[PDB]
Amino acid sequence: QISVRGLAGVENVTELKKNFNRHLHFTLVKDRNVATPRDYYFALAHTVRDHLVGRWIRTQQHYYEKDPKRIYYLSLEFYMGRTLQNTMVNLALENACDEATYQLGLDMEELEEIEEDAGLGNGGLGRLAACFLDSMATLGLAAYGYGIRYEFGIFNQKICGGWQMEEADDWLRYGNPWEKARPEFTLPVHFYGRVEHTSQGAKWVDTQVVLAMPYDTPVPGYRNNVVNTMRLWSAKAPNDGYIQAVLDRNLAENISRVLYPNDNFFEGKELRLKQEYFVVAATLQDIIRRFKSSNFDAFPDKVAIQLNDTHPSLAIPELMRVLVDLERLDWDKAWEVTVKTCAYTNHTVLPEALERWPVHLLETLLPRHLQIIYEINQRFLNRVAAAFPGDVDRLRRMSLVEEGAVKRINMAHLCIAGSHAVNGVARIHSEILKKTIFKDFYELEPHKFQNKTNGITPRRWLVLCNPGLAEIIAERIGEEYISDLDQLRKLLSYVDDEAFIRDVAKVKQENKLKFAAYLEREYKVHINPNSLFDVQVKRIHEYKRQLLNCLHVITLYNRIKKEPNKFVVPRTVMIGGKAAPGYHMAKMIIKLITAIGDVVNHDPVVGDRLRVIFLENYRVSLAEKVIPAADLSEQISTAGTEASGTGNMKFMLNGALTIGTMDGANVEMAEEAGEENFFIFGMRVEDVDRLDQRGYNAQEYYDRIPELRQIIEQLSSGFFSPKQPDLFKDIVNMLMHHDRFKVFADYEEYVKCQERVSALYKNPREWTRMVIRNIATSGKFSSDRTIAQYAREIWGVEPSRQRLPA
Ligand SMILES: O=C(CCc1ccc(-c2ccccc2)cc1)NC(=O)N[C@@H]1O[C@H](CO)[C@@H](O)[C@H](O)[C@H]1O
Ligand SMILES: O=c1[nH]cnc2c1ncn2[C@@H]1O[C@@H](COP(=O)(O)O)[C@@H](O)[C@H]1O
Ligand SMILES: *Cc1c(COP(=O)(O)O)cnc(C)c1O
């Protein structure tokens with residue numbers, strides 16, 4: 001037992017054992033003779049859940065009495081992962097439960113592995129929402145996460161013959177002990193219909209109704225007895241030949257069935273539009289109800305709505321609809337209230353990712369909202385015209401309505417017009433927003449534009465996943481850093497401490513052994529634990545340049561084959577991540593990685609000097625295992641393409657060094673740690689711009705770099721696919737003729753930088769000292785810092801570290 005995991009007092013252990021047995025009997029209806037590990041998991045989950053309930057009821061009661069300003073975080077994604085360990089950590093129950101289960105003859109770590117991830121997100125954006133909920137609870141904010149309860153989250157990834165296969169993620173099959181259904185608070189949502197203009201304003205009539213039923217999940221703050229709520233809506237048909245009519249209820253209920261996995265490319269799918277309106281319409285009724293339970297002038301003083309990307313952008317015209325059509329406020333007053341209530345966070349600059357909904361879809365599904373959007377647009381463009389008289393092209397560029405073959409609504413433009421604050425997610429990204437894609441808006445309303453650099457929760461991403469590191473840190477500086485990560489700066493005093501150097505290195509070794517064991521047990525593959533663990537885990541995208549990593553791997557293989565008896569630093573290269581189902585190039589990249597592995601891992605001349613592993617089914621629970629085990633974090637996106645990144649921050653906190661471009665939050669990470677303690681390579685944003693101006697010619701690099709030429713020839717000729725020699729011709733073609741992300745342009749600098757990594761790894765003491773310098777300066781990247789900045793600079797509320805009574 002370790003100190004950061006809390007006390008195992010005799011009274012507590014006795015009480016936990018008793019309640020475990022009670023739940024096994026009364027809740028699960030099992031006896032100890034036929035109980036499985038799954039039953040034991042559920043008995044523990046219910047036992048821990050019981051400790052949340054008093055705190056949850058009294059937190060919500062406290063908000064009702066004190067009536068603080070409420071923060072509503074609207075997201076289509078909440079990538080929560082597992083709940084059991086996080087709850088124990090935040091309630092200081094971990095050691096007590098470990099003791100209670102041990103005394104019952106059970107291994108708690110084995111029970112933890114049974115829990116399904118709540119995979120209600122795709123990647124960074126979804127996981128950010130999850131870290132944010134944890135920080136908002138920890139900082140005592142009256143905050144509510146609102147989303148959709150998907151029946152199926154992000155698909156499970158299987159690799160079959162080197163190819164991605166998708167399997168439905170039936171995460172609710174065994175039940176969800178954490179949620180509470182609230183069928184009594186079911187609300188109607190309207191679709192289709194038509195608008196009637198009466199003498200008494202507009203009326204939206206002849207609609208189809210879908211019911212929104214809420215399920216509430218507790219969100220505990222770190223040891224402060226605050227328990228906030230995540231409310232997720234589920235779609236239900238209303239109760240009003242016969243057989244078919246009952247069967248057709250599925251059509252309504254399909255709204256909450258499945259998370260869209262296409263994080264690369266916007267497609268105008270009606271079902272996704274319905275999901276976006278569903279969450280917005282149900283949430284806003286809940287917001288207004290809560291506000292009316294103690295004149296809309298005070299609405300922005302009592303309510304903040306944060307839009308996570310443009311996905312809940314319909315909140316803007318929905319709030320207008322409610323205020324104008326139902327509450328009878330004049331347009332100007334309603335608009336003032338709306339702007340002061342709403343704020344918008346942008347997460348990407350790639351044009352193909354922006355939501356641009358066809359007008360014809362909105363006209364049919366949401367005819368009143370389309371009318372409101374047109375009126376917003378006309379009044380907004382009137383302001384632009386008065387500020388920039390005669391600038392007709394600006395009017396076209398800034399319009400919410402896009403002209404063309406199909407007319408579209410630009411949802412980002414809608415969000416900027418209707419929000420008092422617009423933020424990017426890292427300093428470089430927020431600057432790019434002002435200088436490029438939203439330049440016109442910045443010139444009109446400079447005061448709207450902000451930066452809020454992303455962060456991660458140090459509860460899940462240090463204490464939970466890396467208790468060994470948390471403990472050795474706590475031994476020297478105490479426990480206060482867990483909720484005040486800036487205190488890690490105190491560790492700079494230990495950079496020459498021989499004991500600390502040894503302890504940091506020991507913790508990493510243990511994490512690596514544990515992960516190496518996990519790979520053999522669960523996936524039947526053997527790795528050398530003394531090799532450098534070189535890790536790139538993230539969704540598969542061309543911009544993230546898993547392909548550049550692949551080129552380096554093949555370079556190393558070719559160098560070994562050329563000089564087999566020369567010493568090289570042994571590496572285990574691990575790449576993992578899911579590809580969007582319809583993204584052909586991303587699926588080809590996965591196949592390339594496994595194909596390289598097939599050749600490299602079976603070459604007797606290589607031995608255990610180089611191994612290439614594709615990490616199947618990358619998800620939050622796997623990140624918690626692999627990140628503490630990593631030596632080298634690959635953060636290699638083309639400069640200007642990754643808005644922030646957050647995986648980068650997880651690796652920094654956990655004792656990996658970073659090889660990266662000056663992109664997204666990497667810039668600020670290098671600034672914090674010092675450029676000498678970071679492996680920076682490649683084009684800066686300015687260099688990318690210069691290449692675009694003269695034109696990117698991949699052929700030039702192929703002609704001048706013989707090692708690069710060899711790799712392309714190998715790919716083309718069928719070296720990595722002997723039975724299908726032309727398998728990778730799409731990859732070669734893209735690289736040579738149509739590469740938006742300039743893979744070849746960074747190749748030479750990348751390979752050279754990787755040599756410097758290997759050089760440092762040969763000197764374990766200096767490697768570990770650089771690691772200490774990274775861990776010690778990771779404090780800025782706590783989501784507590786991020787949320788404090790949102791609270792003070794956008795929401796107009798003060799964070800609190802003070803305990804509620806237990
Ligand atoms: O996952 C997503 C988008 C997912 C998504 C999923 C589905 C649809 C969709 C829209 C319309 C029709 C059908 C589907 C759009 C987007 N984005 C994301 O993760 N962005 C990352 O946000 C992180 C948090 O700010 C940043 O650190 C990363 O830089 C950014 O790439
Ligand atoms: O009319 C009331 N009388 C007493 N307590 C209330 C009343 N309405 C709401 N509350 C409290 O505040 C609620 C929090 O849930 P909400 O209605 O979603 O904000 C409940 O859990 C109650 O504890
Ligand atoms: C942190 C995290 C991400 C985001 O990683 P990036 O490298 O920033 O894209 C994606 N998926 C999972 C499961 C994560 O935990």
Side-chain angles (χ1 to χ4, degrees), residues 68-75 124-125 128-129 131-145 221 228 287 298-310 312-313 315-316 336-347 412 415-435 437-438 441-458 483-486 643-644 646 649 664-665 667-669 671-672 779-802:
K69 182 169 188 178
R70 288 173 171 81
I71 310 311
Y72 294 100
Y73 195 86
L74 275 64
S75 184
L125 173 155
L128 190 75
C131 290
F132 279 8
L133 296 184
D134 180 84
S135 289
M136 288 182 301
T138 295
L139 296 178
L141 301 177
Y144 301 81
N228 285 341
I287 291 172
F299 195 83
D301 298 317
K302 288 298 164 187
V303 178
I305 295 165
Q306 194 66 35
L307 309 171
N308 196 21
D309 214 312
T310 58
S313 62
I316 293 158
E336 191 188 319
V337 166
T338 299
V339 176
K340 284 163 80 181
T341 301
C342 294
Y344 158 63
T345 303
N346 172 281
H347 302 269
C415 286
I416 298 157
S419 297
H420 78 274
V422 174
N423 77 283
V425 290
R427 187 180 65 221
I428 196 161
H429 169 63
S430 297
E431 289 302 310
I432 285 165
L433 295 180
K434 288 185 274 182
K435 289 214 285 284
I437 65 160
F438 304 136
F441 298 86
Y442 174 66
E443 287 174 353
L444 184 74
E445 300 178 297
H447 55 269
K448 279 191 180 174
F449 289 81
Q450 294 187 33
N451 177 237
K452 299 287 167 278
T453 300
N454 278 168
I456 52 163
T457 177
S483 52
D484 190 15
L485 208 62
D486 285 316
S644 172
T646 53
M649 304 169 188
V667 180
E668 291 163 82
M669 288 166 57
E671 182 174 295
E672 292 298 300
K780 179 181 162 170
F781 305 106
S782 170
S783 56
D784 300 341
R785 186 273 310 154
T786 309
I787 289 302
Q789 288 179 324
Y790 276 90
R792 291 185 186 116
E793 300 167 23
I794 297 171
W795 303 330
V797 295
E798 277 299 313
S800 179
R801 266 272 73 205
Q802 285 195 105

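All residue numbers in this chain count up from 1 along the given sequence.
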Exercise for the section: Kindly indicate whether the side chain of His420, heavy atoms from C-beta on, has any atom under 4.5 Å from the side chain of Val339. Expected result: yes
Exercise for the section: Kindly give the heavy-atom pair with the smallest separation between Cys131 and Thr457, and that separation in Å. Expected result: SG-N, 3.5 Å
Problem - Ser75 side chain reached by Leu125 side chain, heavy atoms, under 4.5 Å - result: yes
Problem - Any side-chain heavy-atom pair of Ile787 and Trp795 under 4.5 Å - result: yes
Exercise for the section: Working to the nearest 0.5 Å, report the span between NZ of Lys452 and CD of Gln789. Expected result: 5.5 Å
Exercise for the section: Look only at the side chain of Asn228 and the backbone of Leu141, and say whether a donor-acceptor pair between them is shorter than 3.5 Å. Expected result: yes
Handout entry: Check: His429 and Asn346 side chains under 4.5 Å, non-hydrogen atoms
Key = yes
Exercise for the section: Working to the nearest 0.5 Å, report the span between CE of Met649 and OG1 of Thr646. Expected result: 6.5 Å
Exercise for the section: Ignoring hydrogens and angles, state whether a donor on the side chain of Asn423 or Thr345 is under 3.5 Å from an acceptor on the partner side chain. Expected result: yes
Problem - Side-chain donor or acceptor of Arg801 paired with backbone N/O of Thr138 under 3.5 Å - result: yes
Fill in the blank from the handout: So CG of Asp309 and SG of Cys415: to nearest 0.5 Å the spacing works out to 8.0 Å
Problem - Parallel, tilted or perpendicular: rings of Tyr73 and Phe132 (30°, 60°) - result: perpendicular
Completion exercise
Distance col, row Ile428:CD1 vs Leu433:CG, nearest 0.5 angstrom, shows 11.5 Å
Handout entry: Non-hydrogen atoms of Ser783 and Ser135 that approach each other most closely
Key = OG-OG, 2.7 Å
Completion exercise
dist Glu336:CD -> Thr341:OG1 (nearest 0.5 Å) comes out at 10.0 Å
Problem - Pairwise side-chain contact, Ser644 with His347, heavy-atom cut-off 4.5 Å (strictly under) - result: no
Practice task
Run the numbers on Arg792 and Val797 for side-chain contact (heavy atoms from CB on, under 4.5 Å), then give the verdict.
Solution key: CA-CA 6 Å; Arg792 291 185 186 116; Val797 295; over 6 Å; no
Problem - Close side-chain approach of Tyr344 and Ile316, heavy atoms under 4.5 Å - result: no
Problem - Closest approach of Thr786 to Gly455 (non-hydrogen atoms, all atoms of both residues) - result: OG1-N, 3.3 Å
Exercise for the section: Measure the shortest side-chain to side-chain distance between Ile416 and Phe449 over non-hydrogen atoms and say whether it is less than 4.5 angstrom. Expected result: yes
Fill in the blank from the handout: Rounded to the nearest 0.5 Å, the CZ atom of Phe781 sits from the CD atom of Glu668 at a distance of 6.0 Å
Exercise for the section: Decide yes or no on side-chain contact (heavy atoms from CB on, under 4.5 Å) for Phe299 and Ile287, but give the supporting numbers first. Expected result: CA-CA 10 Å; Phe299 195 83; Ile287 291 172; 3.8 Å; yes
Exercise for the section: Would you name the heavy atoms of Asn451 and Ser430 that are closest together and state the gap between them? Expected result: ND2-OG, 2.7 Å
Handout entry: side-chain contact (heavy atoms from CB on, under 4.5 Å) assessment of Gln306 paired with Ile794
Key = CA-CA 9 Å; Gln306 194 66 35; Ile794 297 171; 3.9 Å; yes
Practice task
Report yes if some heavy atom in the side chain of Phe441 is under 4.5 Å from a heavy atom in the side chain of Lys448; otherwise report no.
Solution key: no
Problem - Minimum-distance pair of heavy atoms, taken over all atoms of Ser419 and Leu307 - result: OG-CD1, 4.5 Å
Handout entry: side-chain contact (heavy atoms from CB on, under 4.5 Å) assessment of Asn454 paired with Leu128
Key = CA-CA 8 Å; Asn454 278 168; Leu128 190 75; 3.4 Å; yes
Exercise for the section: Taking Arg785 for its side chain and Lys780 for its backbone only, find out whether a donor-acceptor pair lies under 3.5 Å. Expected result: yes
Practice task
Say whether, by atom type as modelled, one donor and one acceptor occur between the side chain of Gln450 and the main chain of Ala421 under 3.5 angstrom.
Solution key: no
Exercise for the section: Search all heavy atoms of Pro312 against all heavy atoms of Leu74 and return the closest pair with its distance. Expected result: CG-O, 3.5 Å
